[PDB]
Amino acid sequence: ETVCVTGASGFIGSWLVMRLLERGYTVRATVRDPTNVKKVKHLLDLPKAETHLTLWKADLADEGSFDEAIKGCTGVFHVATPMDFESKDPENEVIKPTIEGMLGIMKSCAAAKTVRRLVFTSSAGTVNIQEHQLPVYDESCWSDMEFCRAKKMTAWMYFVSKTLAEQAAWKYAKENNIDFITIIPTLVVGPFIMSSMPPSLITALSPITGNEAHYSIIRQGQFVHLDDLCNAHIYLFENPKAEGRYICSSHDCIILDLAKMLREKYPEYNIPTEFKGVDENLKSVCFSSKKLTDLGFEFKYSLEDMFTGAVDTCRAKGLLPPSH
C-alpha cells in the first residue's frame, strides 16, 4: 500500500523508509530541500527506490504543504520536526511550526479521504518532564509545561513543542473521529543510514564527546534501538487493535551505568567514571512499554547492540574519531 513519511531524510525517517520499502510498501518521502544531496542520496540508494519511492518537497511552516504528498495515501507517518535546542526565537522557530505543522498534517489527511491511520512520533519529553521523577512512567503520564518553561533544562523548547503538538493532535482527533496513534520513544540509539550526526546521538554519545550539557537527559536515561522503534511504527500502523499512545523503550539505567558499559566496550575514549550530582544510589527511571508488548510486539535488541551500532557507524562516517 501507499504511505507518506514526513522528514524522511532524518535519523528515524530514513530507517523507517528503508524498512517500509523492504516490507513492500510504496513510500512517498517528504523533505524540505530535494536538491540537498546529503539529505536525499541515502534514500535514493535504497533498493526499490526507483520503483517504489517518490520524493515530495514540504515544510511544516507552510499551510497545506503536505496536501499533495498525503492525497492518495492509505497511511501517514509524521516523523518530521524542528530539532534546534539553541533557538533565539523558540516560539516562532520551533513551538509554533511543530504544533501547526502537526494540525496541518491531520487536516491534510482529512482532505485526502484515503488515509486510514495517522501515526505520530511523539517524544518522552511529553511524558516525564517534571520536578519529581516517578519510578516508572506509562501512557497516562504527561509533562509539566510550567516546570519545563521555568527550569529551561537542555532541550526544553523541543520538549514543549512535542507536548503541545501531541495534546493539540489528540484534541483534533477526538473531535473529528480520526484514527490516530502516537509512539513515544525515549532516547533512540543505533546504526543509521544518514550521512550527518543524528541529533539524539549528540545526547547518547555525550559521555564520549564530553558534551556535559546533554547529561541531564541521560542522568536517569531510557533507550530504544532504532530498528526496534521503526519496526514498532510499522507494527502499530498495521495492527487494527491499536489505540491511543504507546511508549517504545526497551532499556533504562543511570549515566553511571551507561558510561561503565561504554568504558568497557571503548577503552580508547576518555569516558569519565564519575558525574557531578550523581550517585550509585540514584534511582533508575523506567518507561514501561507493557502496553506495546501486550499487543504482541517484541523488542529484539540490547543496550550494547544500540551503542556499538551507534559508535561503529559514527566512526565509519567520520563523525567520531577512532580514539582520544
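Each form is matched to the other, and the largest set of C-alpha atoms that superpose within 1.5 Å is called the rigid core. Residue positions are given as counts along the sequence shown, with the first one as 1.
- Note on 253 to 261 and 266 to 274: with rigid core alignment, C-alpha atoms in 4 other deposited structures of this protein sit farther from this form for 266 to 274.
- Between 123 to 131 and 90 to 98, greater CA displacement relative to the shown form is found for 90 to 98 when the structures in 4 other deposited structures of this protein are fitted on the core.
- Compared with other deposited structures of the same protein, residue 84 meets the criterion of being unmodelled in at least one third of those that resolve residues on both sides.
- If you average the C-alpha B-factors over 233 to 241 and over 86 to 94, the higher value belongs to 86 to 94.
- Looking at mean Cα B-factors across 28 to 36 and 255 to 263, the upper value is held by 255 to 263.
- Note on the listed residues 143, 176, 200, 249: the highest Cα temperature factor in the record is that of 176.
- You'll see in the entry that, of 112, 102, 183, 136, the Cα B factor peaks at 112.
- Among the modelled residues of the chain, residue 70 sits in the middle third by CA temperature factor in this PDB entry.
- Split the chain's modelled residues into thirds by C-alpha temperature factor. Residue 56 is in the middle one.
- Residue 172 sits in the highest third of its chain by CA B factor, as recorded in the PDB entry.
- In this PDB entry, the Cα temperature factor of residue 131 sits in the middle third of its chain's modelled residues.
- Residue 208: CA B factor in the highest third of modelled residues in this chain (values from the PDB entry).
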